[PDB]
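A lone chain, given as structure tokens: the form deposited in one PDB entry.
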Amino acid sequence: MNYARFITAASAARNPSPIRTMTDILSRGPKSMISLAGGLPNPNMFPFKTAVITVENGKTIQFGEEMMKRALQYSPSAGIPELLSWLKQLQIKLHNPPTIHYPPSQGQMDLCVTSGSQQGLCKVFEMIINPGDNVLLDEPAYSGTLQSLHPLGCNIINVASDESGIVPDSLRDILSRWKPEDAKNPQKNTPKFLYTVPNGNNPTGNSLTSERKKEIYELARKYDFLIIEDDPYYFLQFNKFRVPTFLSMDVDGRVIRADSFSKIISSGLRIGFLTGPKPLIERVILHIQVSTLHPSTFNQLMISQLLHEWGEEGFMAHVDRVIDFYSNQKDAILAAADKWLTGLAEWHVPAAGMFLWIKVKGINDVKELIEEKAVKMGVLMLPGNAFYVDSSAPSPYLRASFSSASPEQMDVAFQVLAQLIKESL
């Protein structure tokens, strides 16, 4: 409703970078006209000439001479138009956001392709946070998010969470520190946003329920804060009826969503995208315009041509193949845990994602148990300390990945782990 409340002075001060202003009046109008105004290098000098990329369950992708020249040249900061248009239709199909036809100033849905979803998130955090600002999130959280927020000088207020994600009652009690009208008061420092990973949180594997999302959204309206929906495992849910997203219920235009292709299409190509209210997305684009400029044109065209030949049907079929693999991996690590860790640890079944979150009984810090008996016993898992703001506190938790291990390796790994628990206890 008043987006200036969520934009720093520095972010609001950004102005558009003109690599389109004079290259603008060239297509339409006088088609026979000469322009010595662009800042583009001559692509005929570039050494790569054609490309052929094979695809499993898809048509081979080919860049001919002219397409290769485009792939090797600058492109628009928000992304190439055919990828933006395909992704916009995907978001309408999956989430039907209420904001599609809003006026720009009151939150019209807008998309920005980013160089990985984390780039979008980082520039969103930078857009909003002044030192001393209060922000809300649930621990344990992705260590990369915690390391991104740390230098911004915000106070991170932990919201309680359980096996169904954020607990609305905890959020409501935290917010009772303020009155709703304090959000309009410059002195009061009400929280600027709530950040969460609603599906398959890294490291816990837990996901929010539909009922809790509705409750949380009502609190976000009442105290007027944004919801940053960081959803990189949205396409890795094992339920296969997906819970409606915050974006799908965002009648106010207060949700910024980050989607990722890193887990289903490619992490190395560095292509994700943000969806959110136009005034906030515009601030991110302007920051991109003076940093990365745009995501790799080559990699966007690879993905765009894949997605267009797949169609939404082929995309969802690919998603379902990937879910099938990870769900079988999940069953396998749960079976190994059932056999070897029962009575020595506790865990919840992951609802989505790639990780199993294991609490060891009768030990206060597993960092000693793991890092010390590592090279020794030949097994390695990740201590949970890194997923809390205070990583120095002791943690009895371990994060175990099931993305790659074979059932044999899982059995060996947990056999070894079980013996150390019984020796250290």
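Shifts are known only where both forms have a C-alpha. All residue numbers refer to positions in the sequence shown, first residue = 1. Definition used throughout: the rigid core is the maximal C-alpha set that superposes within 1.5 Å between two forms.
Not on display, but discussed next: the form deposited in another entry.
No residue in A37, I53, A393, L40 other than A37 shows a CA shift of 2 angstroms or more between this form and the one not shown after fitting the rigid core. Relative to the shown form, the Cα atoms of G58 and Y233 move apart by 3 Å or more in the other form.
Distance between the C-alpha atoms of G38 and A13: longer by at least 3 Å in the other form than in the displayed form. Considering only residues present in both forms and aligning them on the rigid core, one finds runs of three or more residues with C-alpha shifts of 2 angstroms or more between this form and the one not shown at 17-19, 29-39, 57-59.
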